[PDB]
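Asker: Model the structure of this input:
(one chain, ligands or ions: 2)
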Amino acid sequence: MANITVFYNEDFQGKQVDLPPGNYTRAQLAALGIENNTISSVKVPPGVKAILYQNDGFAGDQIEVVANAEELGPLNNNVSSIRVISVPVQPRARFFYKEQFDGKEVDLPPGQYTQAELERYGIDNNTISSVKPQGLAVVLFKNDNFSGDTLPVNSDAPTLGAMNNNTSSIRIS
Ligand SMILES: [Ca+2]
Ligand SMILES: [Ca+2]
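Answerer: Numbers count the residues shown, from 1 in each chain. Ligands and ions are numbered 1, 2, ... in the order given. Here you go:
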């Protein structure tokens, strides 16, 4: 019942398409219609972990995700091959764009992120705000390699766009 959902245009914009898990490429896609510069944004719920592949035929710099990716990454200039495999259930956290549990919503599973993936994997170098732990507590860092001042969000906070200065790294515990 799971299935990844891509977006034609960037910024989580542009008609989306639901593709079933499993491994496939330009061949299967040829059957559909989309291919190449199209898988701009992505949205993949838990229960499964996806792996993207720039060049078709499963080649080129690959990627790995299990949540949504408003801004995939630099290699987003070309996409066609992918690989998805079911995965155990894992809680996560939910962040909102505007300060008011609103605006572009993004979420990430438990783990660690830096000033590169995090931003280009859920939001960006900043503009976070209101957070809502969907299952695990969230901790923010104000420096690369998660090393410096921090703000451990041990609970609900539908408003935080006034403290986290430049979120360089995070740790969903
Ligand atoms: Ca963009
Ligand atoms: Ca806020």
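Asker: Flag every residue of the protein that's near ligand 1.
Answerer: Along the chain, the residues adjacent to ligand 1 under the rule Cβ under 5 Å from the ion are 10, 11. All C-beta spots, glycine's among them, are computed from the backbone N, C-alpha and C.
Asker: First-to-last residue distance for stretch 162-173?
Answerer: Chord length of stretch 162-173, first to last residue, is 22 Å (Cα to Cα, to the nearest Å).
Asker: With stretch 151-171 instead?
Answerer: 10 Å.
Asker: swap in stretch 55-73?
Answerer: End-to-end span of stretch 55-73 (Cα to Cα): 14 Å.
Asker: now swap in stretch 117-126 and tell me
Answerer: End-to-end for stretch 117-126, by Cα to Cα: 13 Å.
Asker: Return the backbone torsion pair for the closest residue to ligand 1 within the chain.
Answerer: Residue of the chain nearest ligand 1, by Cβ to the ion: residue 10 (3.6 Å). Residue 10 adopts backbone torsions of phi -80, psi -180, taken as degrees, to the nearest 10.
Asker: Contact partners for the closest residue to it other than its chain neighbours?
Answerer: Leaving aside its chain neighbours, residue 10 sits nearest to residue 40 (4.5 Å; criterion: Cβ to Cβ, 6 or more residues apart in numbering). Listed by Cβ atoms under 8 Å, 6 or more residues apart in numbering, the contact set of residue 40 reads 6, 7, 8, 9, 10, 14, 72, 76.
Asker: What's the separation between the third one and ligand 2?
Answerer: If I follow you right, that is residue 8. Distance of residue 8 to ligand 2, computed by Cβ to the ion, to the nearest Å: 30 Å.
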